[PDB]
Amino acid sequence: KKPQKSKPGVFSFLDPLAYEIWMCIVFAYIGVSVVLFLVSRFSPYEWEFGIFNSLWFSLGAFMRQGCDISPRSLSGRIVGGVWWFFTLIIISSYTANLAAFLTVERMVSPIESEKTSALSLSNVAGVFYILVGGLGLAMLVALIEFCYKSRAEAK
Amino acid sequence: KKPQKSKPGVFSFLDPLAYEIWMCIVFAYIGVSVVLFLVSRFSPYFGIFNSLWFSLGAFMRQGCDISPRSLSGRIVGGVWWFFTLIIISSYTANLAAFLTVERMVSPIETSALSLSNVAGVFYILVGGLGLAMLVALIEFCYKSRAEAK
Amino acid sequence: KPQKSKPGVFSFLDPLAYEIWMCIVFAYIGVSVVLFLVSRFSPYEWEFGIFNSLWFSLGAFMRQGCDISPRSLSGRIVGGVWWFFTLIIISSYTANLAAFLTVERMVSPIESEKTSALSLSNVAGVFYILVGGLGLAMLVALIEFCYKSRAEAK
Amino acid sequence: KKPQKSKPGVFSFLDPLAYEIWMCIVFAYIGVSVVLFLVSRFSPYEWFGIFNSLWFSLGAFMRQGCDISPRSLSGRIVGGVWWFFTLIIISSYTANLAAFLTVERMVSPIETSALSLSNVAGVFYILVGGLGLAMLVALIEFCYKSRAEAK
Amino acid sequence: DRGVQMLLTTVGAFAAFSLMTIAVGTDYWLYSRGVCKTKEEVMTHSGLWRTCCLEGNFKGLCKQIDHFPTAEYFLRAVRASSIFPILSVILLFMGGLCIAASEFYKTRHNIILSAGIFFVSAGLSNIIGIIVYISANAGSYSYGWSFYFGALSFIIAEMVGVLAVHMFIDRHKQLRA
Amino acid sequence: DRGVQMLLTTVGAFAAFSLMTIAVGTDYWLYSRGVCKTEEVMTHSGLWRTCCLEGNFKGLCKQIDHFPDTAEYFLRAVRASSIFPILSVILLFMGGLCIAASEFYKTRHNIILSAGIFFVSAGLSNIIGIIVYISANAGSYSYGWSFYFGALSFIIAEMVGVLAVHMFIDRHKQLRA
Amino acid sequence: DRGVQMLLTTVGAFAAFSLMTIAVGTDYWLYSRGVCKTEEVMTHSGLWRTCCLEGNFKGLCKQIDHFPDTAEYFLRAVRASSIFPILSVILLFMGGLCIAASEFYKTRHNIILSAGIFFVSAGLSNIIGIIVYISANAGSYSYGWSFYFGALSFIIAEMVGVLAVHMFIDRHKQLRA
Amino acid sequence: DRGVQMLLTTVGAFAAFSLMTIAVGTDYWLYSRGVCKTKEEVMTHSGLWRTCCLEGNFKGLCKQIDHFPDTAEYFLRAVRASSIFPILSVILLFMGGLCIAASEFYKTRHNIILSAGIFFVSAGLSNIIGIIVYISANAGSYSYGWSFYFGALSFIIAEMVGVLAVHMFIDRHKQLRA
Ligand SMILES: CCCCCCCC/C=C/CCCCCCCC(=O)OC[C@H](O)CO
Ligand SMILES: CCCCCCCC/C=C/CCCCCCCC(=O)OC[C@H](O)CO
Ligand SMILES: CCCCCCCC/C=C\CCCCCCCC(=O)OC[C@H](O)CO
Ligand SMILES: CCCCCCCC/C=C\CCCCCCCC(=O)OC[C@H](O)CO
Ligand SMILES: CCCCCCCCCCCCCCCC(=O)O
Ligand SMILES: CCCCCCCCCCCCCCCC(=O)O
Ligand SMILES: CCCCCCCCCCCCCCCC(=O)O
Ligand SMILES: CCCCCCCCCCCCCCCC(=O)O
Ligand SMILES: CCCCCCCCCCCCCCCC(=O)O
Ligand SMILES: CCCCCCCCCCCCCCCC(=O)O
């Protein structure tokens, strides 16, 4: 049968980039956050980037979201600048390759031996599932912290 | 048949995404704002209006006044940031797909984007300015009356 | 034959019609003024002045800084709609430029592949604007300094 | 002949813009940083240093940090035109990359789709090189300070 | 004032519960162009459970949706069952119970928090359910009034959750003064 | 300084009103190749009258017929009746009256505030008018001096509104102090 | 809670070193489909030996032939000699050695900083090694548990580096008192 | 220190001026493949003024580039025909040098050092405009020669020296406030 267009899979929003790019993005995120934490607060002569704040900074730099704090040191600024460059390239390339995917549908036969349509909710359902899962997780973590700190109030 | 050039809709700027995606975006925005408010203020140990503002500014890839400092707040903020990035990228990519395909259509044998294409966003903008002015004046009249007569 | 043309200075404005640019400028002034009014007009609450409102609006459009964000309901309404407007307009600019650079459509003036990298000739105008702005900035700074120096003598 | 699949360059992420655009972006960055430093801190009647000017300009180009913005008319002029320049140049980068990938996708010969790590590996090399450099600089400063105590 | 907040929370809880229950029950989710019963094409209610014929040879015939003919299989499982809309109804019911028990067996002050958490969770469950429904359908049409009853239920549930949390905050505030 | 500001706002109000009134009156909004009173020839079209130039019978002016989806009908109505340019003129007039009445009744400062709100609203009406005009035209050409008179009226109206609000803030600072 | 921190860091250092060494020595990095020692059959290729299975003479296997524009030559050279995975192993070893020597010649509290630096650098080397590996593979497939052992070594090495730096900070904090 | 700062400023000013003057007079800007002398295509020098020929049957021959073989294009052609921007860069660097020289003599004015800083910054801006105009004018393979990179290095050094001058002026007015 002629290779009809495939139904968009949940988590098809990751398709523009190869699995290896995502995996290396995660490794680069951890490395950047750790090096920013190290460089920012290791010398006794410096004594706001703890490990948790370094991770937050890096995450929000990647998602081109807020800043809240910027390194003031030479070295922290080196780290921040290369992470900013990386982020710009990777996000631009994600958007560009997604545009390429949506512009030209390129069907391939499973075996060998146009008036473009609005994205449907099926095309991004996965990101909604992740969002609501994260909201549930956030509520759970908050309630755990509150129950713990309540027991600490008992004794 | 004659070409019959099609007039873009006033709100054709919403065309890259299905109606259900916009609907679910609004539901997601309310959910995110409410959960951010609960995980941030519920512990005796970001009010609702500030949480709505945070979420709005996060979606428009714009503002950044305050950001959550707690673990739970940061989980909420992080997922919302991811969601925003995917949705906005997908909007721009699908708009580019629309315009590219419409540009490679050859009939049988300018290209800039016209004010007709983005008119609705101007209408919304000026409507919002009017609403803002009205709200300001209502608050001011209320405050003038509030002083003990 | 049509023979695809050499890109003009100020061709970076080509993705949007002249009317869109004009109305963007009008909307910018309107937004700045209304933000200033709805923020500094109640005596019942006497940062968003006229020049700080203009700066806020400018930076919101260029998807850049945020010194201050309106804290009132009304200023937040204004900011939110301006943010929406900005997002749509900039997305639309990028998308239409992509369409232009993907498919080339040469037009016959009278009727009765390999997608090269982008050359300095079709962003030259933005460089000219930048350096002109730097010159203007230096001029303004020097005028202010000369004025302050002369006044301080008295 | 066999189709001869192309091997992407390491620094292929620079392909969307000509070499001269990158060169002139760097020159423009230096110029903007210097002029912002000059107009901001030059008049007795005020007293953004050079390093802070450079940082401000970089995070405008990367559409990132917003630590501090100019408050004077001249600083604001410089900042505004640099923001304009950055908007145009980054939009143009993304648009031309999309053009590259879209055109390369509709080629049909005579008779994977995602972007591979090879297409961006150079940006990872730069990232890790920058992290190494940052650690080196931090340790150099720490050694300097630790050796600068009175003995 | 404080006195009215309990009324607003309780009436909102009841409204949300009633709307979600009606939506889960009624059949006007999707005005599709479907088959009245198999072994031609007309407008059909196609609710959550039963698709019911209208404007046809025999208007009014209602049949059970044939949900079935691995991710797609799991989505079919989650959609054929309405675990998420049903869970929304259950959580709204438990939230209402917590609000009711706010007065009887008073002064616990964590029952109000439980009410707020239940209402917020009901909202989240509702949204997941809506997304599952819409995803399952596609791959013309319109959305009936039961669908928008579900949507309005979500909105009201979130508002009532905010009120409940606010009331809990105000108690634990007075307490410290 | 003070004393100059009142004169400057008054002059600006008059300038904005005169420019907008002229713009609504005159007919050099658009230079297009249309048809004269009923070939092709250049025709300065306005808000009301499309009129013929550089032809055998230049200077012959005809009323524009704005008619042969509901949005199309409503846009055609809103553009046929230049409600938004006219409302801009009316609001500028009312702002001028408020500024004039400022000299009397000076003890009450809310009349110099009203003046600012009227001028700003006039600017917003002007923007909507320009957008509807251009949009309706879109469903070679150029814009004439009438169009740019409308644009300059918008700019001056916004400046004058800023000045009016500024002086209301001073007046209320002197009485705060 | 110092004391348990030292045990946790030592365990982590040992785990990272062992994982990275196993990953380098073992050859289950890539489940390709290629030729065994010189029909296409599956293979558990590794860093050194492209090794055969489910074949005519399975289990007999050879040294990968790395070699058949200086950039291509340089990348092939860097991937032939697994300089970056090996350097990761060496740096993890030196980090562990520093942590061990943190008991002897105590009170320096400046070698534990070196331990942190070594672990961080080992992680960076590891990531470069992964990138070169995957890049050179592009000159169906899957990744084996050796690849993931390398990845897990990276993660644990970064955690241990953070702990080491934290302990150095705490030591100077105590000293400054 | 003040002495080291002043020496470094002076050396930088001289280096920038020398580099820009060499660049604006020498011919190795663009290794294109043009025509040695006309009215067979081979490699060329193609400087700012004269396109000498190389690797051809006759080498070393130079003709003045045929400027002017669209008013928007006409103005760019005119601005490239002269080198108003490279030349103006050279002039501004020279005037900055004069200011720095007048720094040591007739000193305590404190506004001539500022003048030097402004002139160096302006020279840098002129230089960048010149480079953009040049590169734009040649869009109608190739490579850039060492004279082009001399121009570029001149820009960088001029900006550094301008920074030094401004920083040095700020000190004088800090001292003159303590
Ligand atoms: C105060 C600020 C602190 C410092 C902030 C640093 C962050 C900015 C770095 C960006 C990437 C730099 C590297 C750009 C890559 C160059 C690669 C290249 O030139 O490739 C040559 C190619 O082969 C053709 O010649
Ligand atoms: C420090 C504060 C913490 C903030 C934290 C914020 C979270 C931000 C990221 C969310 C996306 C992560 C989820 C990505 C899920 C990918 C789905 C997947 O794994 O793909 C499925 C399969 O591989 C193919 O079929
Ligand atoms: C807490 C502070 C709150 C700040 C508040 C300001 C934010 C406003 C943002 C966006 C408005 C967008 C309005 C969208 C209107 C589109 C509706 C529409 O047109 O839908 C019908 C459609 O046309 C049928 O085809
Ligand atoms: C509040 C203080 C802020 C200070 C202000 C900061 C600068 C604003 C940003 C960009 C200016 C862009 C200028 C655009 C120049 C356009 C040139 C143009 O339009 O020329 C094309 C020609 O019309 C075709 O034929
Ligand atoms: C900045 C750090 C986090 C950013 C979000 C990154 C998302 C990580 C996803 C990792 C797994 C991706 C799997 C896709 C491949 C596949 O579908 O087979
Ligand atoms: C966080 C807010 C995001 C912005 C929300 C934009 C407004 C969306 C509202 C729904 C509009 C539906 C448009 C589709 C109309 C149709 O085709 O029937
Ligand atoms: C935030 C508001 C300012 C944003 C920057 C807008 C500057 C561009 C305005 C140019 C005017 C229109 C002229 C170009 C169109 C043309 O002639 O083809
Ligand atoms: C300030 C933003 C960062 C950008 C800096 C990038 C500098 C790149 C320098 C030029 C190298 C790329 C040119 C490719 C050459 C070729 O075509 O072979
Ligand atoms: C904030 C930026 C200000 C914008 C500066 C705009 C300067 C360029 C204006 C060009 C107008 C061209 C007239 C078009 C003629 C017509 O078709 O009517
Ligand atoms: C923000 C600072 C970034 C600076 C980046 C510097 C990178 C320099 C690389 C220069 C490569 C030049 C290639 C020569 C090409 C040619 O003309 O043949």
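Protein chains in written order, with the deposited numbering: chain D, 505 to 551, 570 to 635, 782 to 823; chain C, 505 to 549, 571 to 634, 784 to 823; chain B, 506 to 551, 570 to 635, 782 to 823; chain A, 505 to 551, 571 to 634, 784 to 823; chain H, 5 to 43, 55 to 84, 93 to 162, 173 to 210; chain G, 5 to 42, 55 to 84, 92 to 162, 173 to 210; chain E, 5 to 42, 55 to 84, 92 to 162, 173 to 210; chain F, 5 to 43, 55 to 84, 92 to 162, 173 to 210. All C-beta atoms in this analysis are idealised placements derived from N, C-alpha and C, irrespective of residue type, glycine included.
The alpha helix (DSSP H) that contains residue i, what's its start and end?
| i | result |
| --- | --- |
| residue 119 of chain F | 106-126 |
| residue 587 of chain B | Premise fails: residue 587 of chain B is in no alpha helix (DSSP H) and is neither H nor E. |
| residue 623 of chain A | 596-628 |
| residue 18 of chain F | 6-29 |
| residue 100 of chain G | 93-103 |
| residue 146 of chain F | 134-159 |
For residue i, list the residues DSSP reports as bridge partners.
| i | result |
| --- | --- |
| residue 176 of chain F | F:34 |
| residue 508 of chain A | Note: residue 508 of chain A sits in no beta bridge, so no partner. |
| residue 68 of chain G | G:59 |
| residue 521 of chain D | A:787 |
How far does the beta strand (DSSP E) with residue i in it reach, from first residue to last?
| i | result |
| --- | --- |
| residue 817 of chain A | Not the beta strand (DSSP E): residue 817 of chain A falls in the alpha helix (DSSP H), residues 793-819. |
| residue 58 of chain H | 57-59 |
| residue 79 of chain G | 77-79 |
Return the Cβ separation of residue i and residue j in integer angstroms, given the expectation that the two are a contact with Cβ distance under 8 Å.
| i | j | result |
| --- | --- | --- |
| residue 535 of chain D | residue 150 of chain E | 6 Å |
| residue 593 of chain C | residue 544 of chain C | 6 Å |
| residue 538 of chain C | residue 625 of chain D | Contact flag wrong, Cβ pair sits at about 38 Å. |
| residue 585 of chain B | residue 607 of chain A | 6 Å |
| residue 198 of chain G | residue 546 of chain B | 5 Å |
Check your understanding: Looking at C-beta atoms only, is the number of pairs between the region 143-152 of chain E and the region 98-113 of chain E that lie closer than 8 Å three or more?
Key -> Touching, yes, given that three or more Cβ pairs across the two stretches are closer than 8 Å.
Check your understanding: Closer than 7 Å from C-beta to any heavy atom of ligand 7: which residues, in chain order?
Key -> Selection output, chain order preserved: B:515, B:518, B:523, B:526, B:527, B:529, B:530, B:533, B:580, B:581, B:584, B:585 and A:607.
Review point. Can you find at least 3 beta carbon pairs, one from the region 122-129 of chain H and one from the region 57-72 of chain H, that sit closer than 8 Å?
Key: Segments in contact, no.
Check your understanding: Should the region 782-794 of chain D be called in touch with the region 793-806 of chain A, which here means at least 3 C-beta pairs below 8 Å?
Key -> The region 782-794 of chain D, when compared against the region 793-806 of chain A, does not touch it at the 8 Å Cβ threshold.
Review point. Taking three-plus beta-carbon pairs below 8 Å as touching, is the region 613-625 of chain B in contact with the region 618-625 of chain C?
Key: The answer is yes - the region 618-625 of chain C touches the region 613-625 of chain B, with three or more Cβ pairs under 8 Å.
Review point. Are the region 9-23 of chain H and the region 184-191 of chain H touching by the rule of at least three beta carbon pairs closer than 8 Å?
Key: Yes, they touch.
Exercise for review: Flag this pair as touching only if the region 176-187 of chain H and the region 27-35 of chain H have three or more C-beta atom pairs under 8 Å; answer yes or no.
Suggested key: By the Cβ criterion, the region 176-187 of chain H is in contact with the region 27-35 of chain H, since at least three pairs of Cβ atoms, one from each stretch, lie closer than 8 Å.
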